[PDB]
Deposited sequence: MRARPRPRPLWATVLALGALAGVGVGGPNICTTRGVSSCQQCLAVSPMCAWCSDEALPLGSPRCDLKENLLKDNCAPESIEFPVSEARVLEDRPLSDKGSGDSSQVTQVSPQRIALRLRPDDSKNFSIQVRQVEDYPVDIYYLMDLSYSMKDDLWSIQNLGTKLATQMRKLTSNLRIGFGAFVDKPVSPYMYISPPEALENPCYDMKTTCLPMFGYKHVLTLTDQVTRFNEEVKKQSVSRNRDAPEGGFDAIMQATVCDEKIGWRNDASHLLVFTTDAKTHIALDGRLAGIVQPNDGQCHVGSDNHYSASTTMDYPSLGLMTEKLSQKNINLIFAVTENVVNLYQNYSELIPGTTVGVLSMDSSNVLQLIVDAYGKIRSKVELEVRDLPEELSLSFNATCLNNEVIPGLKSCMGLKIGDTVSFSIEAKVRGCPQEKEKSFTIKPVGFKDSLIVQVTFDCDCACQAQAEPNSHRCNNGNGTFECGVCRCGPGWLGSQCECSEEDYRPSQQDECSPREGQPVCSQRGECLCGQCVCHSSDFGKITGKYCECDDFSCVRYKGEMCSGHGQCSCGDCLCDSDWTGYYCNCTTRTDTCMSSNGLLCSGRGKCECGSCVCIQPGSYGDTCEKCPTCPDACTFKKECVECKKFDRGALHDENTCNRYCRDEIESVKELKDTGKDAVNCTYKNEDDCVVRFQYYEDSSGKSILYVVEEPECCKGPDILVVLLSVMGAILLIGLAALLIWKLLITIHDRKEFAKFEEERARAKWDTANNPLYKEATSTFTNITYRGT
């Protein structure tokens, strides 16, 4: 029976195992010439092939380390399996389950940056007691906490500060009656310490400086806090938090030209033995990509803390820098505590997986499956997690060809967490009859050819096990009307030798299927995200759709309610399309004609309790019914902050409940227990 194994691979065992996983090769030299060598295993068995000549290569996702994920972070592994001896074959993919899981009691590193310009004085006088009030809270969320302190103003150089009289070179603060400290760019103060009181001791002795222009030099301080791993005191098995407070704009790169400071920031850290950013007056400000990659590599989490006067700027920033959270800081600065706790709750909630050192020929399609069984296709991150929760993923890697490097590796890692998966990738591209080749076999035209895997390699224009024929006649095409060898070969002795091609090689039993002739999307072969299959685009692992236009993007599809395109709408190519008429918004969340929470979201009383109705044979019964089911019994709160509602059931009974919104949305039910 002709199949893909038959009409395509008629050259070698290697191609037979490269086409499809099912394809099997027989190396028995006594097999009659004409029968398909690469075919179904049962077919080869039916042709009494030698069992040692039967080739049955199978890929595997073999786990080397499967250590249990710990209960407490007191090594503690969050990612299982720890290390994968992945083994892949050409143009094949393989799947495997990874259970990322945020262990409670993970150590926390906090480095409290701080601005020190002239407008920062009151906030300093308020933050003098910060740090014991941060530990007092964080003792609930982790067992090991270490805090650090910093400072920054701007580049110590004209025109950015006041320098006259020549006695104001030391004191830019003379024109006003009070005096304040000189120029300085960044000065590390305290290294991350277990004794939290050290931060309180260190901040008291600091004092405000003065500059001229409103923006300040914070980016230099952040980069230096990041890069001096040894100086700061970073842990490796902990959570790194970087708190960055200010109350005005912040200078960016190339702003330093106004002083003649033109050397771009090298990314190294120049904090000498005096803890002062030495190259402050000779090195430019830091870009935004250097910032991001240095925060990534050191597993650093950034928490901005602007004053409303600027949030819209910073939140317009913490969005071009993943892993970042912005906040409102009061002018007195008495809210940075609760801001930092909320930011810690937020950073741990989101659970995203990043892939590093992934070779170009490999593509990974994720397929989340967060809490419940939401096998949410095309998703690689989950929200709404709680500390102690476990998640699972279905990640599948597809290789494009058999790469020259036998052993390659890449890492899949949770955001800002130590433990991560190391992938040992092996490209198996070796047969068994290859090792027992017989070069210069006398049967190959008196001994001028090499015999291997049941074929004598005759010279050009000659074919067969003995090169019996050169010129001549058999049927070289599947159909009479079809051209001989698909206009691509010669009917040489009943076999179609494909013509030479500059671009590559022509394959197939009759030179029928090519390899470089597929369609495009945007000037790119199958959108640059697919692979060429005899006239049709086939996508890679993480490319969905027929045209391979779009990957597992969801960021714009994510809705603040907690699902893709809110309820109505498919997330096609990272964008949400409204399906319900009259509904609009970022994810079609706003709908004036749509039923309210009291009308449509009653299936908690129908699907969760007294299971009946629709959505019973599908995984959507508790998909929408996942709110807090409070067991209230007709409380005397029939409408004070929301709209109270009551409906009539089939048996003429009333059920009273009320939940509209408390703080930007609350999935809390107030359904009564016993209906009346």
Where are the holes in the model when you compare it to the deposited sequence?
-> 1-26, 101-104, 503-508, 713-788
